[PDB]
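As structure tokens, the structure follows; a few thoughts come after it.
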There are 2 protein chains.
Amino acid sequence: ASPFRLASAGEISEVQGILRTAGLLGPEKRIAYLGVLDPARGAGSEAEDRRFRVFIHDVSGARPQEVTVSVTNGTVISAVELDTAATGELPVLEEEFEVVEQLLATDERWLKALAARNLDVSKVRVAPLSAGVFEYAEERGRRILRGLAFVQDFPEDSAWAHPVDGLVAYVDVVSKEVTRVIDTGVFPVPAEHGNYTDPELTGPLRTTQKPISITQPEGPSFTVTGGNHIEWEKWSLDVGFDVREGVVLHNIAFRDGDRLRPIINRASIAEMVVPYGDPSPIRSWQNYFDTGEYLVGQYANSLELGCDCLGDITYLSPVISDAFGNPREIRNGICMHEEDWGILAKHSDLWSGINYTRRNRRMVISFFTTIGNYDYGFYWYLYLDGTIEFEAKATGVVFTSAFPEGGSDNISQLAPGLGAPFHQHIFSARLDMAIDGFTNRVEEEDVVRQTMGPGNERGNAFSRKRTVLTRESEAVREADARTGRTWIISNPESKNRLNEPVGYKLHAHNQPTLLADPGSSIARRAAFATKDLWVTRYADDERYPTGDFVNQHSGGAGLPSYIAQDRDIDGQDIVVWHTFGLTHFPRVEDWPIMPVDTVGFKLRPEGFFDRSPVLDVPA
Amino acid sequence: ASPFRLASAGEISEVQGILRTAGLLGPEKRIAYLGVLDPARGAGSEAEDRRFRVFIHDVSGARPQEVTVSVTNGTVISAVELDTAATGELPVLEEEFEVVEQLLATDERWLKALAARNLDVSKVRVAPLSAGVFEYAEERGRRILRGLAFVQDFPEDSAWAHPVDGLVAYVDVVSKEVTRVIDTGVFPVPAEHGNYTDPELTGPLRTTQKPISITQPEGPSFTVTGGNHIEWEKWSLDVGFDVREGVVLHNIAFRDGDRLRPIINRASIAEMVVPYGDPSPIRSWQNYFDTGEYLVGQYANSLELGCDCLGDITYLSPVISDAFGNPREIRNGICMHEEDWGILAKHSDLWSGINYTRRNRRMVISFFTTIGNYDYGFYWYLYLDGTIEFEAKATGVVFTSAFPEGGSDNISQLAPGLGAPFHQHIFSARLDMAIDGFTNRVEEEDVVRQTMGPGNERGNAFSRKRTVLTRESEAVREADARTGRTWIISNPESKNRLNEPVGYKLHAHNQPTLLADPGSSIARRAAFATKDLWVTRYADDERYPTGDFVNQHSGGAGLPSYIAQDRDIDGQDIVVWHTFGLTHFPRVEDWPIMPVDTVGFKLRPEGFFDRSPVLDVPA
Ligand SMILES: [Cu+2]
Ligand SMILES: [Cu+2]
Ligand code: NA
Ligand code: NA
């Protein structure tokens with residue numbers, strides 16, 4: 001049955017075959033993206049129709065294609081050729097990661113730059129970095145990667161410790177040409193190593209940590225059926241996985257008495273971008289759309305018991321497509337477990353004599369991905385009391401540069417001569433809402449201060465106000481932490497027992513949004529990142545805040561284009577897009593490998609239930 | 001020696017003896033507050049002088065006294081008679097809690113009000129509520145409590161379900177007189193029970209929760225010596241307890257290689273206020289200073305193992321004085337344990353082939369208190385990476401009223417006829433800083449956006465600015481979440497290996513501050529709560545942001561009086577006072593007992609260390 005089940009190896013093999021039998025997957029075609037499409041609204045009435053969507057690159061310079069395949073019926077639904085100058089280049093291929101270095105190695109300008117700095121070409125690593133769109137007309141319609149160099153002194157050395165500043169290369173990865181080499185002058189290559197497993201650097205390892213054992217002698221309190229259907233403590237959902245988005249949650253619902261009450265139809269991180277704030281021309285083009293350009297799902301780590309996920313862990317091993325359409329398992333790529341979460345509720349009553357304490361817990365669904373130097377953990381949490389939460393954990397090794405003599409307004413010093421350019425990591429959560437079903441609306445809620453006077457003679461009164469967002473033109477909102485601003489998603493046709501519409505309230509962290517000048521390329525390409533909250537009317541083709549093809553795409557698609565339709569969102573099937581991020585001025589403590597920092601958001605029931613939903617939790 | 005050790009029963013009995021001997025503690029005297037004072041600045045080769053401070057009330061009507069005793073030397077250092085109309089009343093005595101109901105039960109006016117509502121006086125509980133300072137001139141110099149009524153249908157009933165609105169009384173608890181009874185008219189007394197252990201309301205309890213077992217087979221990784229000295233994962237500190245503030249942390253330091261580096265000299269929650277936002281005369285005077293008026297420490301719960309604190313727990317059982325100067329232990333009043341805290345750092349490197357994962361942990365020091373309907377947990381956390389965090393957990397039963405027919409801008413509906421007035425819970429954390437010692441300064445750090453143009457041609461640059469707070473007059477600061485504002489405490493005389501002053505950065509949650517009109521009584525009495533950050537020059541008598549005597553005390557003391565001294569704070573012994581709070585518009589999910597909500601802050605190292613301090617953590 002399960003229409004939201006994870007893709008199996010078989011379905012992927014069959015997409016490869018169907019694409020073969022049908023003539024679209026030659027020996028020169030490469031899959032840049034493959035994933036199952038979600039069912040249509042109201043599709044549960046008719047029979048299962050598993051469709052997969054595919055982006056196909058061509059190594060022989062031919063135009064790429066977007067293809068939809070039906071694996072259920074063994075047919076092709078559509079296949080269109082893409083003008084990439086128009087609608088964007090395909091996502092970077094894993095096989096292109098090595099190509100920037102290989103091409104530069106025999107390029108005379110590059111070799112000249114390395115010789116001036118007395119660097120052995122055999123020891124120079126080149127990061128394959130997304131190009132974006134700037135002043136270079138030659139790049140339009142061409143598939144470009146840019147290259148920044150880092151020295152690896154030996155095979156096990158951390159090359160990030162040795163950035164080669166003042167040097168950047170542009171490369172065409174289809175034609176296999178080097179379009180430009182820019183050498184603005186030599187900077188000293190930082191000499192200290194950053195090898196965080198070298199005893200010389202770590203000193204003697206601590207012997208003071210005694211073990212902590214977390215076990216469940218009767219197993220976990222959640223069940224997994226149909227491969228990926230979870231039931232836990234009144235919650236019901238399906239855990240999806242997509243090579244672009246990573247972990248995606250479907251059909252988040254809560255069993256309240258004898259009713260399964262939908263809350264969120266689909267929850268995902270639909271984009272994440274890392275814009276850099278260093279005006280040096282060596283790095284001023286740097287903006288990594290890890291989700292849209294690189295595909296974070298594909299680089300999900302195989303997590304290890306005791307190390308990555310602690311306790312009684314149930315794993316999912318999602319299957320994805322390699323470049324040729326063969327299925328590939330990411331073994332132990334998703335962790336699922338429950339954990340204790342301190343006190344849930346507590347009261348000791350003088351008058352009744354009753355003392356009462358209950359413990360909280362949360363269900364955790366997580367994965368961890370690695371993109372070059374960065375490593376990100378994505379964690380979804382469901383709590384006993386109906387709260388839903390997302391948390392990103394950022395770690396890895398910070399992206400480095402030289403530290404200028406005389407300092408910098410845009411770069412931090414990490415070690416002698418070693419800099420870390422300022423940057424942000426900004427996420428977009430796409431929450432296809434379904435609060436008690438699909439007829440939903442959003443209100444912006446602010447605290448309202450009141451003036452001392454008639455009706456408030458002691459000057460103690462305070463209140464709040466709610467403003468319905470009625471149309472998409474009114475639905476691009478900013479934070480206001482000072483007035484306690486939140487957004488409530490409600491169902492105006494579903495009332496609780498006090499005759500008030502059922503709702504969930506989104507609580508943001510109110511961290512800074514995109515800092516770049518509004519006239520910049522990145523402000524246009526990551527327009528979603530300039531505002532905290534967006535609400536659109538649901539449409540099946542409006543999946544990402546940056547559009548389907550982000551790589552080397554100017555503005556023209558994504559949220560600003562969707563919002564322009566100015567559709568009714570007052571009691572309709574709607575989607576909330578929440579921007580949230582970390583603004584990182586790297587500190588010495590982040591080097592040579594960074595301690596986790598976090599950002600996230602949560603939603604809490606707001607008159608969704610008729611009383612506390614956790615009165616039936618036992619002592 | 002340990003001069004920061006917890007007060008012992010013997011010391012408290014000895015204080016009693018000294019006071020008795022001195023003629024200060026005859027049969028009409030009551031101890032309203034008793035606490036050990038911290039050692040003086042300096043004090044090392046100087047031997048121990050354990051001094052206690054005592055507030056002594058007199059039940060016959062005589063003026064109270066403030067007394068300092070040297071228990072070491074058997075002497076009275078100072079004893080001063082207090083004019084309470086000027087300097088404030090002493091904190092509420094536990095013995096006064098019952099007095100409000102007792103006196104009202106035989107008052108003709110109160111009895112008439114109850115008879116008008118067909119309520120049996122035997123069933124009417126009266127909350128003993130702090131009075132504040134309003135328009136009632138006869139209250140000046142008198143110890144007053146105000147009384148709000150709640151019906152208890154039977155001994156084990158939750159009275160909070162049955163508020164008696166439209167009625168309030170004021171009582172002189174020393175003369176035992178009812179000064180006023182105000183009845184503005186009958187409201188229906190809400191009829192539904194709120195008995196969260198009654199099977200009729202909870203329904204069948206869940207049988208779905210499988211055990212989670214947290215154990216440490218080798219015991220915990222921290223040690224406790226001298227009764228209250230903790231050593232854990234390079235951290236060192238002393239855990240104090242005061243009847244007013246509760247848990248107080250002293251001498252927080254970190255052992256970095258061979259050197260014990262101070263960070264925070266003293267950390268405490270020095271005040272917490274709960275202002276109500278309902279303009280009804282029945283409650284418009286309601287502002288509970290749980291710390292300054294009630295003394296949160298004295299109501300600290302005994303914490304049951306496996307229920308309140310889970311895992312391998314080490315308890316402290318602090319000793320306090322009763323009303324007569326006899327010692328009273330709070331058994332298992334403070335929990336101490338370490339817990340797993342997920343991933344600390346992780347990187348899988350493409351060039352080096354090294355995959356690296358480490359786990360985080362935190363040390364937790366906590367207590368839980370109960371003040372009438374409210375229950376608060378105070379949690380301090382120390383992390384492997386140098387981060388220090390505080391979290392408050394708010395739970396209990398919400399303070400109720402009638403819900404007006406036709407609704408309310410200042411009260412939420414919870415059940416039929418039952419309301420919950422809007423309010424805030426606002427904390428002041430007093431952090432007597434000692435970043436690498438006492439010579440410290442504070443900078444306000446904002447993100448700085450840059451305009452596209454010369455030097456920033458692509459409009460990607462962003463920066464930050466730091467502004468030193470040089471004198472107290474410029475050290476009253478507000479949040480700016482939009483600009484990512486934080487505050488850095490540094491030592492201008494202690495540099496890290498990159499020649500930068502060592503520091504810690506305070507990260508606030510940027511929740512709304514005090515909402516009351518600035519002309520209100522509460523804005524003057526809780527002036528600290530109007531601004532997010534204050535910095536003072538350390539002084540031994542500047543302990544609380546509201547002064548020593550808050551009960552029925554107007555403005556004139558506390559932080560605004562301290563700041564007026566305009567002292568140098570630029571490389572001096574300074575104290576940071578951070579305001580942070582929850583603004584609570586109660587939801588139906590909060591009833592009949594509220595799920596925990598949280599608020600807090602953290603400080604993270606900011607070039608304090610010369611590189612990551614957790615490179616020596618093992619796999
Ligand atoms: Cu970063
Ligand atoms: Cu509250
Ligand atoms: Na929706
Ligand atoms: Na200080």
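By convention in this document, chain letters (A, B, ...) are assigned in the order of the sequence lines, proteins followed by strands, and residues within each chain are numbered from 1. Below, all heavy atoms of this structure are taken into account, side chains as well, without hydrogens, waters or symmetry copies.
Between A:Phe549 and A:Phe55, the ring centre distance stays below 6.0 Å.
Of the charged side-chain nitrogens involved, at least one lies within less than 4.0 Å of a carboxylate oxygen, so that A:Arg143 and A:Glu96 count as a salt-bridged pair. A salt bridge links A:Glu48 with A:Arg5: the distance from a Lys NZ or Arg NE/NH1/NH2 to an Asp or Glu carboxylate oxygen falls below 4.0 Å. Classification of A:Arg180 and A:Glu139 as a salt-bridged pair fails, no side-chain N sitting under 4.0 Å from a carboxylate O.
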message: As a quick check of understanding, evaluate salt bridge (charged side-chain N to carboxylate O under 4.0 Å, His left out) for A:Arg142 and A:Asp172, giving each step before the final call.
response: CA-CA 7 Å; A:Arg142 309 304 310 216; A:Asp172 189 319; 3.1 Å; yes
- request: Kindly determine whether A:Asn332 and A:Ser302 satisfy side chain to side chain donor-acceptor pair (under 3.5 Å), including the steps that lead there.
  value: CA-CA 5 Å; A:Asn332 296 338; A:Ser302 291; over 6 Å; no
Verdict with supporting geometry, A:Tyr136 and A:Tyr170, ring-ring contact (aromatic ring centres under 6.0 Å, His included): CA-CA 10 Å; A:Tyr136 308 113; A:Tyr170 309 160; 4.9 Å; yes
- request: Verify side chain to side chain donor-acceptor pair (under 3.5 Å) between B:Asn460 and A:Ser520, making sure each step is shown before the conclusion.
  value: CA-CA 7 Å; B:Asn460 69 294; A:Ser520 67; over 6 Å; no
- request: Under the side chain to side chain donor-acceptor pair (under 3.5 Å) rule, what do A:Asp242 and A:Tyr33 come out as? Steps first, then yes or no, please.
  value: CA-CA 10 Å; A:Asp242 176 80; A:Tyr33 168 81; 2.6 Å; yes
task: Decide side-chain contact (heavy atoms from CB on, under 4.5 Å) for A:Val239 and A:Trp380; before the verdict, give the C-alpha distance in whole Å, the side-chain angles of both, and the deciding distance to 0.1 Å.
output: CA-CA 11 Å; A:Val239 181; A:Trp380 290 91; over 6 Å; no
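A:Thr87 and A:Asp548 are not linked by any side-chain donor-acceptor pair at a separation below 3.5 angstrom, with hydrogens and angles left out of the test. Side-chain polar atoms of A:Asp541 and A:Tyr562 form no donor-acceptor pair below 3.5 angstrom. Side-chain N/O atoms of A:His425 and A:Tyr376 include a donor and acceptor closer than 3.5 Å. No donor-acceptor contact under 3.5 angstrom links the side chains of A:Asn491 and A:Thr439, judged on distance only. Using a 3.5 Å distance cut-off with no hydrogens or angles, the side chains of A:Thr536 and A:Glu472 do not pair a donor with an acceptor.
Applying the side-chain hydrogen bond (donor to acceptor under 3.5 Å, both in side chains) definition to pairs two or more places apart or across chains, none involves residues 549-558 of chain A.
Side-chain atoms of A:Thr579 come within 3.5 Å of backbone N or O of A:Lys531 as a donor-acceptor pair.
Results of the salt bridge (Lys or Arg N to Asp or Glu O under 4.0 Å) test with A:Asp38 over A:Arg543, A:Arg266, A:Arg50 single out A:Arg266 as the only residue that passes.
Within 6.0 Å of the CD atom in A:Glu135, the count of heavy atoms belonging to other residues, nucleotides or ligands exceeds 12. The environment of A:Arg41 atom CZ is dense: over 12 non-hydrogen atoms of other residues, nucleotides or ligands sit within 6.0 angstrom.
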